[PDB]
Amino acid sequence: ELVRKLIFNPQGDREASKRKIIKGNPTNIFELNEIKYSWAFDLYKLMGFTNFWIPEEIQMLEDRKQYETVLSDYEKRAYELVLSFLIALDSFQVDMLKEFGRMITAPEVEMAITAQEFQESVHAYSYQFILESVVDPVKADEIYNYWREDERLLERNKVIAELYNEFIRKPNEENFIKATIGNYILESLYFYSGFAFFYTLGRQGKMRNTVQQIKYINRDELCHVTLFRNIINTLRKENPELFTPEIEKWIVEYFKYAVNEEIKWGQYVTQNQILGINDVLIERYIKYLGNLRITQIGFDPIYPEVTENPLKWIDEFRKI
């Protein structure tokens, strides 16, 4: 039962070395002359200053043309579905990162979560820019609300929410580790179906404006995955009494499930009607990412049959 740190604790540890990710005894003054988690502070500077960007300084002259005329009915359908879902995710993220930040006892980590929260706000801004630019008013509202029409979308949403609401409802150390694992999956996996879609269009000279935006969001997402990787790993060291077998189990299940559901989504969005990728490929990408992410947090691959990356080209395309 995670007690939320009070605003000022005069009986708080002076030694940065005594800091913990959770359940530490801080003053809650940001004593940033001493850093225990150099990665937390490095990631703050990287997200907050180095990688700063302005959505509206990206030019949206073309895409509205290509949307208006050059895109197939299936290509427009995927565009709507992917943007609707990513809008939902980034919305959940700005809201939920405030729950993590208020529970974390290392100020440098709180700093890194604050910057991540701000990056999620900019993403929300970028999607609003993309739609204000690329499509008409009614279509933009419809895309924001596409869950109101599409039960596969509505369910993806309610499901992601559920895991976060457990921790909000019942803020215990188990529901914390579960929520944190949820965050890592959501940013590990659930963005890269969408990222892959847009980078396909972009390979063939389709929607290069949108794809610029996405390159920045994707640069930010890799920082976010790295932050939560370190938090989960540091959480394992500092709190092994939380990575019980029952949990280490529930992790690998959800991590497999999630790799599944991302594929059932990638396939619903596209339906092999998109010139550049197919239901087979989808499966080899998510399976690939999923292994990686789970191994990067100290677990055995969940799909050993996969070891190459189907789309190794992305790594070079998405670059800025």
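Note that residue numbering follows the sequence shown and begins at 1.
Higher average CA B factor: 194-202, of the stretches 141-149 and 194-202. For the pair 233-241 and 82-90, the record assigns the higher mean C-alpha temperature factor to 233-241. Between the residues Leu32, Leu46, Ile282, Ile54, it is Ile282 that shows the highest Cα B-factor in the PDB record. In this entry, the residue among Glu221, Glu246, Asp95, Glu120 with the greatest C-alpha B factor is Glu246. Ranked against the other modelled residues of its chain, the C-alpha B-factor of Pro26 as given in the entry falls in the lowest third.
When the modelled residues of the chain are ordered by C-alpha B-factor, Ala40 sits in the lowest third. Remark: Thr307 belongs to the highest third of its chain, ranked by C-alpha B-factor as recorded. In the deposited entry, the Cα temperature factor of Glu132 sits in the middle third of values across the chain's modelled residues. Among the modelled residues of its chain, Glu110 has a C-alpha B-factor that falls in the lowest third, as given in the PDB entry.
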